[PDB]
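Notes to accompany the following structure.
Derivation of every value follows stated rules applied to the coordinates shown; laboratory data play no part. Cβ coordinates were reconstructed from backbone atoms using ideal geometry, including for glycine residues, and neighbour counts include every protein chain displayed.
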Amino acid sequence: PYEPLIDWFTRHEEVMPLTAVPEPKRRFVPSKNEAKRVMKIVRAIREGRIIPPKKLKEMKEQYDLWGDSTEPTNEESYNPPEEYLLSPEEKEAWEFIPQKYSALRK
Amino acid sequence: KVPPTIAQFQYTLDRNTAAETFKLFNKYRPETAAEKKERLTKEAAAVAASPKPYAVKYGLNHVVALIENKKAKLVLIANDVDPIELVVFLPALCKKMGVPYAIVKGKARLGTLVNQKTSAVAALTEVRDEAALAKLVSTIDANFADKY
Amino acid sequence: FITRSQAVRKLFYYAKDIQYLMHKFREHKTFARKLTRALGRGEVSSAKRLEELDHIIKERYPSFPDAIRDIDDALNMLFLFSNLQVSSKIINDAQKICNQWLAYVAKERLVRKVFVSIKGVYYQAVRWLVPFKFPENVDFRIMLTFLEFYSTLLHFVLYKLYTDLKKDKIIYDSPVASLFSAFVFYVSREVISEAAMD
Amino acid sequence: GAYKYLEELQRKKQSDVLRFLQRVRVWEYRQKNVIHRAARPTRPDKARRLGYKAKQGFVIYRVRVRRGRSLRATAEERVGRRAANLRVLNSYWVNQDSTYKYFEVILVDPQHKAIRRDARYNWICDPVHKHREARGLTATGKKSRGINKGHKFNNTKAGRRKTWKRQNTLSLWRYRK
Amino acid sequence: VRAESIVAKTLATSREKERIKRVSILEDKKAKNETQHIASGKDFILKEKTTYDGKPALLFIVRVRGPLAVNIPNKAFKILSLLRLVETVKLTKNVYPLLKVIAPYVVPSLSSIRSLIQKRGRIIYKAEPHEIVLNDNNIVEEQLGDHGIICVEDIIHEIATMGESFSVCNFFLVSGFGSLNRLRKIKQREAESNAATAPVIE
RNA sequence: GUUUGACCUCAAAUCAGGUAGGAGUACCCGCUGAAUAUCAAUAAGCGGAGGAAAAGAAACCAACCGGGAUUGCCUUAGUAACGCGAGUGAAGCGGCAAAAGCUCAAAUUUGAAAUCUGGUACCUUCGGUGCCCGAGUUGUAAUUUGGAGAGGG
RNA sequence: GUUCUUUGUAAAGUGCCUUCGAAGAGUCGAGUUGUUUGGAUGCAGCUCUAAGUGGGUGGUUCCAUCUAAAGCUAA
RNA sequence: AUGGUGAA
């Protein structure tokens, strides 16, 4: 059904391009559309309706929202009395505790 | 089992060479709308001599205009174009013109590198890096045309 | 009465005071998909271009004195974060806020009571607590939101208080103010500080 | 341009490639509603030469009509009735088989500001163009009406009923001739 | 795995090995003071260019984790193992020749030093590998108090100062995934990015 | 990757901006349509518009020393032609009324998708501007519609 | 008439020289079946389906005239 | 004949 097809035409490379209308000058010259856009932006800047990006960087750069309106520890010291410190036997039943230390640094 | 002119797709560039081609093409990404707009605004502010820009060619009509002029050196063709007739003849046209062509899976993937949601084809005419382009063309030829 | 889960889904509570409360967090979700699209496109310029609670504070605290109700927890969280997947910038901001608050307190010397404890050095102005300058050995997302809200509140609080640099590289009304006045203290390694000698 | 290649390829309708494309597309459409919105035309050259443009305001619809009031006229009438807010401009054949014939119709929405401000397409916004297919003003309708120049359309050059009325009237002037 | 990875690894290793070899040869020739076949007989350090004074200055060390393509050589492996800097002394004349070798793999004030010491807080303690936190100052007194260190603050002061705990303590002491975290990493890559005779880069 | 993204397709929202039915109907357009030739492309029925509608600038009329958008009137003419029977029945040329030509498909803007819809803040508000969003490359603008036309000097 | 603006190496036209120079396919057409015409034309289901110095309309070797298969436009 | 009305 789908028999192979012979490349009787593509087997020979096209020696020469088929097209015409030799190269326009615009291809060897900077685009006129770019110049038109640049001049339009220049006109806009002159009219003061466009801010240059350098000025935008500078522009890229706290209030009383209320004003006048009509609308504890548990003796866990580092050097507590020995009575506060829980006994070792009661520490098993405790499963923060006040503890005795020499000073603030220890 | 389909006519030979069909099923020329589903045979595509391998993963490694496809990735290399995508990496090469990403260098010549055309200036997106935001980049072009900001550059033009900067130029206007400066005004208020130029080198020719380099970018990939992706428009199907524009690419076909470049194709058959022998200017195109390497063309990428998407294999999932819904109107298949738009691309059935492109490989044959490239073969007749002697322009190397590579079928890459995914029109969305092809368009992702040209700032467009989808792109049927992509072609390169100018280069920055000519040795890399020549090596890629030779690899693509040896891996696709001589095999399939 | 509408259940908490049902009310949250629609948006135990009184329906009268909740139905009217249904009126940028939701809109911010679009930024994630825009960033994913930019990543898929393979160009970062669009991502950079895309990249480039006062209202709730007033209703919760219509007046400055009302802030004192939650200032306890606010200062607790701020001081806990000042010494603590929280970003380093958040920690730095929390530390700066606490340092500014302490500097303002010292300027007015509005302190009445203090108590050194195992949990930390307690203070009273309002009571607040700060932990020791040692490393601290839960879902931090709740903690992050609480920190953000408390920092936003404390920003306005500090602005109101203030309305009414090589050191960075080194760092009458009550008996507290009446006593120790002009008593310039010298503090050893454990006013002039010996640590600055380093 | 590539459109010339597309036209040349479409000229050989009975080619094995176009046969495969048609039999695939008809089967694909057989699983869809009789009338449904088309994302894009399957014959870009035909639509482009028929005046279709890829801009906001244009709509492409595919409609299936029973084989055996022409089939194109029936398709245009159906799409106009369904697309009451859109104006049918032209349509073209896209597929056929032993049971059904498929045509694609392009529609322009006059409400869209793009069409309203389009100097080359705002003409369709005039109320006189409402339901062009209803009055047979479309390409298929005009062809079925026999509107053309030459002896082959003398009896139907412009209006088959109008000529009958003209030749049946009795013109009487104030002063009899 | 594809051969490209191993090829790149080998090329980078060879290049960096040659770079280290030239640095070692230059240092060895400089040690002899025979400034007749070397580009620069003196030493430099880059912040701008700064002369490498002979004073044993002490500065913090940071890990750059790369170049990744460069498999770490044996000399660099040993240097990092001795300094335990593999995981991601002082600037003396005898330490510079070894620090320069690991220069591509690596890079203060009281405010930064104190915070770093009081936040990291590694303390080797007995399981045996415990290094959790600066739990209590009494731990330092027990393990290190014999050297005149009554608390971690003494260690901090002696590190800031030219003391002995600076040396003794050596025996005692964007990062996410997901789409949102990719842009920040890509931006930081610009800041993330070496001649043998060139000054050390800080 | 015992994952994360590009699209394409398909659904939904008391979403934002829009349009459609129907009425009237003398005239207009299309379909259908009776009481093998005749009443007849009539009567009746259905669908679609406006102040007019349709048509309109020839794959025309003519066989001349040629005319040159469409439409209406007189004339052509009760002629040619047909059903050669009762009967049906044109059209060019000629004179008059009024006259206007144009727009796409088609060959590269590729040295710059230069195009356009919508949101936002202003102003001189049947619209214009700065910014953003989206459509567009499976083609949006200019350049050409055979009277040729296009790149250059 | 009155008043402010233009501009931007911006857009067109005239004569000359030069290099190029696209054209609506299930469409035309034939066959058959229903339909209209006083026209034998046209309309309409369906098998097939055309070419580019090509195609359509008319007569004694052909000569005369246009370029259909898209659309807009007051009187 | 055309279009409708009610009626098993």
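With 20 Å as the limit on Cα-Cα distance, the pairs of A:91/C:113; B:95/D:53; C:89/E:90; A:32/A:54; E:32/E:93; A:25/B:73 that go past it are A:91/C:113; B:95/D:53; C:89/E:90; A:32/A:54; A:25/B:73.
Please state the shape class of chain D: rounded when a/c is under 1.5, otherwise prolate if a/b exceeds b/c and oblate if not, all from the C-alpha gyration tensor. Here chain D falls in the prolate category.
For residue D:95, nonlocal amide neighbours, meaning residues 5 or more places apart or on other chains whose placed amide H falls under 5 Å from its own, are D:102. For the protein assembly as shown, the normalised intensity computed at q = 0.10 Å⁻¹ comes to -1.32 (log10 of I(q)/I(0), Debye sum over alpha carbons, equal scatterers, no solvent).
Annotation for residue D:160 and residue B:34: the two label points, set 7 Å from Cα along the Cα-Cβ direction, are 6.3 nm apart.
If you take the square roots of the eigenvalues of the alpha-carbon gyration tensor of the stretch C:30-128 and sort them as a ≥ b ≥ c, do you get rounded (a/c under 1.5), prolate (a/b over b/c) or oblate? Verdict is prolate for the stretch C:30-128. Bridgeable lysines around residue C:133 (alpha carbons under 17 Å apart, same-chain partners fewer than 8 residues away excluded): A:106, C:96, C:119, E:119. Close amide H partners of residue D:132, meaning residues 5 or more places away or on another chain with modelled amide H under 5 Å apart, are D:88. Highest mean packing comes first when the peptides C:105-117, B:53-65 are listed by Cβ atoms within 10 Å, giving B:53-65, C:105-117. Highest-first packing order for the peptide set C:95-101, B:111-117 is B:111-117, C:95-101, based on the mean count of other beta carbon atoms within 10 Å.
Remark: mean inter-chain Cβ contacts per residue of B:77-89 equal 4, using a 10 Å Cβ-Cβ cutoff to other protein chain atoms. Here the ratio of the Cα radius of gyration of chain B to 2.2 N^0.38 Å is 1.14.
Its convex hull of Cα atoms gives chain A a direction-averaged projected area, equal to a quarter of the hull surface, of 34.8 nm².
Backbone phi angles across the stretch A:48-59, fed through the Karplus curve with coefficients 6.51, -1.76 and 1.60 (θ = phi - 60°), yield HN-Hα couplings of x, 9, 10, 9, x, x, 4, 5, 5, 4, 5, 5 Hz in residue order; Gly and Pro are listed as x. Counting, for every residue in C:155-164, the Cβ atoms of other protein chains within 10 Å of its Cβ and taking the mean gives 2. Estimated from helical segments only, the mean residue ellipticity of the protein assembly as shown at 222 nm is -12500 deg cm²/dmol, where each DSSP H run of four or more residues counts as -39500 (n - 2.57).
Backbone phi angles across the stretch E:59-73, fed through the Karplus curve with coefficients 6.51, -1.76 and 1.60 (θ = phi - 60°), yield HN-Hα couplings of 9, 5, 10, 10, 9, 9, 6, x, x, 5, 4, 8, 4, 4, x Hz in residue order; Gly and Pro are listed as x.
Sequentially through the stretch D:161-169, phi angles give Karplus couplings (6.51, -1.76, 1.60; θ = phi - 60°) of 6, 4, 5, 4, 5, 5, 7, 9, 7 Hz, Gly and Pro residues having no value and appearing as x. Across peptide A:42-53, the average count of Cβ atoms from other chains found within 10 Å of a residue's Cβ is 3. Decide, for chain E, between rounded, prolate and oblate: order the square roots of the alpha carbon gyration tensor eigenvalues as a ≥ b ≥ c, take rounded if a/c falls under 1.5, and otherwise choose prolate if a/b is larger than b/c, else oblate. Since a/c reaches 1.5 but b/c is at least a/b, the shape of chain E is classed as oblate.
Once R0 is set to 22 Å, what does the formula 1/(1 + (r/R0)^6) return for the Cβ-Cβ distance between residue E:175 and residue E:195, expressed as a FRET efficiency to the nearest 0.05? Here the calculated transfer efficiency is 0.10.
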